[PDB]
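Have a look at input.tsv; it's TSV, C-alpha atoms:
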```
chain	number	residue	atom	x	y	z
B	401	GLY	CA	31.61	226.53	10.83
B	402	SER	CA	31.66	228.66	14.04
B	403	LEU	CA	28.33	229.46	15.78
B	404	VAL	CA	28.19	233.29	15.63
B	405	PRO	CA	28.65	234.46	12.02
B	406	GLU	CA	30.48	237.50	10.70
B	407	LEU	CA	28.20	239.91	8.98
B	408	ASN	CA	28.49	240.90	5.35
B	409	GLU	CA	28.95	244.59	4.42
B	410	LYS	CA	25.24	245.20	3.51
B	411	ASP	CA	23.90	243.52	6.70
B	412	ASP	CA	26.45	245.25	8.95
B	413	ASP	CA	25.47	248.62	7.35
B	414	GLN	CA	21.78	247.95	7.91
B	415	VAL	CA	22.79	247.64	11.60
B	416	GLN	CA	24.77	250.96	11.58
B	417	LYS	CA	21.80	252.80	10.09
B	418	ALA	CA	19.31	251.46	12.63
B	419	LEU	CA	21.79	252.28	15.45
B	420	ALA	CA	22.13	255.89	14.19
B	421	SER	CA	18.37	256.63	14.23
B	422	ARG	CA	19.44	256.86	17.85
B	425	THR	CA	11.38	253.90	15.48
B	426	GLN	CA	9.98	250.36	15.65
B	427	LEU	CA	12.36	247.75	14.14
B	428	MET	CA	10.17	244.61	14.95
B	429	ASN	CA	6.72	243.31	16.27
B	430	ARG	CA	6.56	239.52	16.25
B	431	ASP	CA	5.87	236.69	18.80
B	432	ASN	CA	4.81	239.59	21.06
B	433	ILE	CA	8.11	241.30	21.30
B	434	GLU	CA	8.29	244.88	20.06
B	435	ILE	CA	11.80	246.03	19.50
B	436	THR	CA	12.47	249.74	19.07
B	437	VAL	CA	15.64	251.64	18.20
B	438	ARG	CA	15.65	252.36	21.91
B	439	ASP	CA	15.91	248.61	22.77
B	440	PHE	CA	18.08	247.96	19.63
B	441	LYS	CA	20.63	250.47	20.94
B	442	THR	CA	21.30	248.41	24.07
B	443	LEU	CA	23.18	246.18	21.57
B	444	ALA	CA	25.34	249.24	20.68
B	445	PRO	CA	28.95	248.92	21.84
B	446	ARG	CA	29.42	249.07	25.63
B	447	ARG	CA	25.68	249.17	26.57
B	448	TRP	CA	23.70	246.97	29.03
B	449	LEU	CA	21.47	244.60	27.10
B	450	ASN	CA	17.85	244.97	28.19
B	451	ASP	CA	15.24	242.28	28.93
B	452	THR	CA	13.56	242.82	25.57
B	453	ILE	CA	16.74	241.92	23.62
B	454	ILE	CA	17.22	238.96	25.94
B	455	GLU	CA	13.68	237.90	25.33
B	456	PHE	CA	14.15	238.22	21.50
B	457	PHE	CA	17.23	236.02	21.68
B	458	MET	CA	15.56	233.39	23.89
B	459	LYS	CA	12.69	233.15	21.47
B	460	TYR	CA	15.11	232.83	18.55
B	461	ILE	CA	16.92	229.96	20.35
B	462	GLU	CA	13.54	228.28	20.98
B	463	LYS	CA	12.57	228.46	17.33
B	464	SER	CA	15.98	227.33	16.12
B	465	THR	CA	16.57	224.40	18.56
B	466	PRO	CA	14.62	221.16	18.71
B	467	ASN	CA	12.98	220.13	21.99
B	468	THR	CA	14.14	223.30	23.71
B	469	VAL	CA	12.43	225.96	25.76
B	470	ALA	CA	14.08	229.22	26.55
B	471	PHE	CA	12.16	231.40	28.92
B	472	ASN	CA	12.45	235.14	29.19
B	473	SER	CA	14.07	236.79	32.29
B	474	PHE	CA	10.69	237.24	33.99
B	475	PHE	CA	10.35	233.46	34.40
B	476	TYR	CA	12.97	233.21	37.18
B	477	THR	CA	11.73	236.41	38.87
B	478	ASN	CA	8.15	235.01	39.19
B	479	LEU	CA	9.43	231.52	40.25
B	480	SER	CA	11.72	233.15	42.89
B	481	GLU	CA	9.16	235.54	44.28
B	482	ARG	CA	6.02	233.40	43.91
B	483	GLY	CA	7.22	229.79	43.70
B	484	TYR	CA	6.09	227.22	41.21
B	485	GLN	CA	2.45	228.50	41.41
B	486	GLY	CA	3.48	231.88	39.93
B	487	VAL	CA	4.84	230.12	36.84
B	488	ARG	CA	2.55	227.05	36.63
B	489	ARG	CA	1.10	227.82	33.15
B	490	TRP	CA	4.39	228.99	31.54
B	491	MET	CA	5.26	225.55	30.15
B	492	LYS	CA	1.83	224.78	28.69
B	493	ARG	CA	1.94	228.15	26.94
B	494	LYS	CA	4.95	226.78	25.11
B	495	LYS	CA	2.77	223.98	23.60
B	496	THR	CA	4.93	221.24	25.01
B	497	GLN	CA	5.47	219.03	28.09
B	498	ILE	CA	8.65	219.08	30.25
B	499	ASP	CA	9.10	215.32	29.67
B	500	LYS	CA	9.45	215.95	25.89
B	501	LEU	CA	12.39	218.37	26.31
B	502	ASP	CA	16.15	218.19	26.01
B	503	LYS	CA	16.77	221.56	27.64
B	504	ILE	CA	15.30	224.56	29.33
B	505	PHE	CA	17.18	227.88	29.37
B	506	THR	CA	16.46	230.48	32.01
B	507	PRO	CA	18.12	233.90	31.83
B	508	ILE	CA	18.54	235.35	35.30
B	509	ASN	CA	18.78	239.04	36.19
B	510	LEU	CA	20.55	239.18	39.58
B	511	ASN	CA	19.85	242.52	41.37
B	512	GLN	CA	18.57	244.41	38.50
B	513	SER	CA	22.09	244.43	36.83
B	514	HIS	CA	24.03	241.11	36.79
B	515	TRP	CA	22.92	238.86	33.92
B	516	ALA	CA	23.43	235.13	34.42
B	517	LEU	CA	22.15	231.81	33.01
B	518	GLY	CA	20.39	228.70	34.19
B	519	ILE	CA	20.49	225.49	32.09
B	520	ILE	CA	18.27	222.53	32.79
B	521	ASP	CA	19.46	219.58	30.79
B	522	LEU	CA	16.73	216.95	31.02
B	523	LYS	CA	18.80	214.38	29.05
B	524	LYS	CA	22.03	214.78	31.02
B	525	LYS	CA	19.91	215.20	34.22
B	526	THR	CA	21.79	218.31	35.32
B	527	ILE	CA	20.94	221.82	36.26
B	528	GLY	CA	23.70	224.37	35.65
B	529	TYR	CA	24.46	227.90	36.82
B	530	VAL	CA	26.63	229.75	34.23
B	531	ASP	CA	28.07	233.14	35.04
B	532	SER	CA	30.52	235.19	33.03
B	533	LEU	CA	31.34	237.52	36.03
B	534	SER	CA	31.54	234.71	38.45
B	535	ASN	CA	32.68	234.90	42.10
B	536	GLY	CA	32.47	231.09	42.49
B	537	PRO	CA	29.48	229.46	44.30
B	538	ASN	CA	27.50	231.76	46.44
B	539	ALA	CA	24.19	232.07	48.15
B	540	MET	CA	22.40	233.40	45.01
B	541	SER	CA	23.68	230.63	42.73
B	542	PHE	CA	22.66	227.97	45.24
B	543	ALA	CA	19.14	229.45	45.41
B	544	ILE	CA	18.88	229.58	41.58
B	545	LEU	CA	19.82	225.93	41.35
B	546	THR	CA	17.47	225.07	44.18
B	547	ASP	CA	14.55	227.00	42.55
B	548	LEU	CA	15.14	225.52	39.08
B	549	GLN	CA	15.16	222.06	40.64
B	550	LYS	CA	11.90	222.72	42.46
B	551	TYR	CA	10.48	223.91	39.07
B	552	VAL	CA	11.44	220.60	37.34
B	553	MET	CA	10.00	218.54	40.20
B	554	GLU	CA	6.73	220.50	40.28
B	555	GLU	CA	6.23	220.95	36.55
B	556	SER	CA	6.81	217.21	36.01
B	557	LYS	CA	4.21	216.25	38.71
B	558	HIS	CA	7.25	214.76	40.63
B	559	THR	CA	8.48	212.26	38.00
B	560	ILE	CA	11.88	213.86	37.35
B	561	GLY	CA	14.47	216.33	38.71
B	562	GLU	CA	14.97	215.04	42.30
B	563	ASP	CA	18.21	213.33	41.34
B	564	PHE	CA	19.61	216.00	39.02
B	565	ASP	CA	23.20	217.13	39.52
B	566	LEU	CA	23.27	220.79	40.67
B	567	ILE	CA	26.39	222.24	39.06
B	568	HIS	CA	28.33	225.43	38.58
B	569	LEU	CA	29.36	225.28	34.88
B	570	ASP	CA	32.55	227.11	33.97
B	571	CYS	CA	32.37	229.52	31.09
B	572	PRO	CA	34.43	232.27	29.50
B	573	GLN	CA	34.91	235.18	31.81
B	574	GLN	CA	34.14	238.65	30.52
B	575	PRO	CA	37.01	241.18	30.30
B	576	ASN	CA	34.80	244.13	31.40
B	577	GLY	CA	31.68	244.78	33.59
B	578	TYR	CA	28.92	245.46	31.05
B	579	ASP	CA	28.80	242.46	28.55
B	580	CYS	CA	26.89	240.02	30.88
B	581	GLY	CA	23.89	240.03	28.56
B	582	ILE	CA	25.88	239.09	25.51
B	583	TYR	CA	27.61	236.32	27.42
B	584	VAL	CA	24.27	234.84	28.61
B	585	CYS	CA	23.28	234.85	24.86
B	586	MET	CA	26.69	233.25	23.91
B	587	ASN	CA	26.27	230.57	26.67
B	588	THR	CA	22.65	229.95	25.51
B	589	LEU	CA	23.58	229.52	21.82
B	590	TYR	CA	26.53	227.25	22.66
B	591	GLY	CA	24.50	225.17	25.16
B	592	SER	CA	21.66	224.80	22.67
B	593	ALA	CA	24.21	223.30	20.16
B	594	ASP	CA	25.81	221.08	22.87
B	595	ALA	CA	29.04	222.84	22.22
B	596	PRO	CA	31.71	223.42	24.87
B	597	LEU	CA	31.72	226.92	26.43
B	598	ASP	CA	35.08	227.74	24.79
B	599	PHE	CA	34.35	231.04	23.11
B	600	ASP	CA	36.37	234.24	23.59
B	601	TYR	CA	35.70	237.98	23.79
B	602	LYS	CA	36.10	238.57	20.01
B	603	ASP	CA	33.21	235.98	19.46
B	604	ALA	CA	31.11	237.90	22.02
B	605	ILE	CA	31.51	241.21	20.13
B	606	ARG	CA	30.30	239.53	16.92
B	607	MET	CA	27.20	238.39	18.93
B	608	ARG	CA	26.10	242.00	19.28
B	609	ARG	CA	26.06	242.48	15.48
B	610	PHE	CA	24.44	239.07	15.04
B	611	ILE	CA	21.41	239.71	17.35
B	612	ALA	CA	21.01	243.12	15.66
B	613	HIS	CA	20.95	241.32	12.23
B	614	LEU	CA	18.46	238.74	13.45
B	615	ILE	CA	16.21	241.57	14.66
B	616	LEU	CA	16.43	243.58	11.40
B	617	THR	CA	15.85	240.45	9.21
B	618	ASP	CA	12.74	239.42	11.23
B	619	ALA	CA	14.41	236.15	12.36
B	620	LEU	CA	11.40	234.86	14.39
B	621	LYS	CA	9.85	233.96	10.94
```
Give the structure from the file, written as structure tokens.
Amino acid sequence: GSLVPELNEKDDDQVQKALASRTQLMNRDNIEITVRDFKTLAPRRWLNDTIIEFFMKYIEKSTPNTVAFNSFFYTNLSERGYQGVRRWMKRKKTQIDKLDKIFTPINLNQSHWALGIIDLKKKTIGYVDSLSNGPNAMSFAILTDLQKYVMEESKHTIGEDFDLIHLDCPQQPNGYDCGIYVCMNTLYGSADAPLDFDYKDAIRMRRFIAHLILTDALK
């Protein structure tokens, strides 16, 4: 009972084959994944938005009272404020007051992948970064924006007294696995597990997402 499973020989081979066609692999929940996107899961590649979006949607479907927005959520919120994201929640067929958590993947400066976690139960908003400098101006803004989102989306019933925290997490050994670590932090958060994974667990994530894609995991 760990969270990211080890693939069996048939499933791992299905991944190798799809990675070698270096073709559409999936079109569900309005996410088309090609071999092109699938290959960003290949060893040492930058995970693209589409893979992030797949994984968010998988977390949503596999976690009660949980929303996990795609990377474009935070970009619209940042650039346009609450008004630019005002229908996003309703499109999820739920109300913010009925949630345990909201996950927001954050693409800082086209490259750096980080995570926001709004815990409605714990009444915290966390910034989780695997290539973390400590608190900075960007992390403060994220936290501030995510707080404004809670306050707005809830018609000002909740969020104003949330703890704005910088949540420690496992630090990546390299400068390209941000994406996978966001995914690792999301899965672990969604299970209320401590962020105590290591780099070997992160490499298995790559194979896992690839498996979920190939086995049409979004039902």
Is it possible to get the residues within 12 Å of (36.0, 245.5, 27.9) (coordinates as in the file, counting only C-alpha atoms) written as a ChimeraX atom specification?
/B:445-447,573-580,601-602,604-605
Using all atoms listed in the file, tabulate the residues of segment 437-515 of chain B lying at most 10 Å from any atom of segment 526-534 of chain B, each with its closest atom pair and that distance in Å to one decimal, by chain and increasing residue number, as CSV.
```
residue,atom,partner,partner_atom,distance
B:503,CA,B:527,CA,9.6
B:504,CA,B:527,CA,9.3
B:505,CA,B:528,CA,9.7
B:506,CA,B:529,CA,9.7
B:507,CA,B:530,CA,9.8
B:508,CA,B:529,CA,9.6
B:514,CA,B:533,CA,8.2
B:515,CA,B:531,CA,7.8
```
Give one line per residue of segment 519-616 of chain B that approaches segment 413-437 of chain B to at most 8 Å, naming the two atoms of the closest pair and their distance in Å to one decimal, counting all atoms listed in the file; sort by chain then ascending residue number and deliver it as a Markdown table.
```
| residue | atom | partner | partner_atom | distance |
| --- | --- | --- | --- | --- |
| B:609 | CA | B:415 | CA | 7.2 |
| B:612 | CA | B:415 | CA | 6.3 |
| B:613 | CA | B:415 | CA | 6.6 |
| B:615 | CA | B:428 | CA | 6.8 |
| B:616 | CA | B:427 | CA | 6.4 |
```
Restricting it to C-alpha atoms, dump the selection as a PDB file, keeping the file's coordinate frame.
```pdb
ATOM      1  CA  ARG B 609      26.060 242.480  15.480  1.00  0.00           C
ATOM      2  CA  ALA B 612      21.010 243.120  15.660  1.00  0.00           C
ATOM      3  CA  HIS B 613      20.950 241.320  12.230  1.00  0.00           C
ATOM      4  CA  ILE B 615      16.210 241.570  14.660  1.00  0.00           C
ATOM      5  CA  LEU B 616      16.430 243.580  11.400  1.00  0.00           C
TER       6      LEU B 616
END
```
Interatomic distance, atom CA of residue 570 of chain B to atom CA of residue 484 of chain B (Å, one decimal)
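The value is 27.4 Å.
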Hey, what's within 12 Å of segment 488-495 of chain B if we count all atoms listed in the file and toss same-chain stuff fewer than 2 positions away? As a VMD selection string, please?
chain B and resid 431 459 462 to 463 467 to 472 474 to 476 478 to 479 482 to 486 497 to 501 504 550 to 557
Coordinates-based distance that separates atom CA of residue 566 of chain B from atom CA of residue 545 of chain B (Å, one decimal):
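Atom CA of residue 566 of chain B lies at a distance of 6.2 Å from atom CA of residue 545 of chain B.
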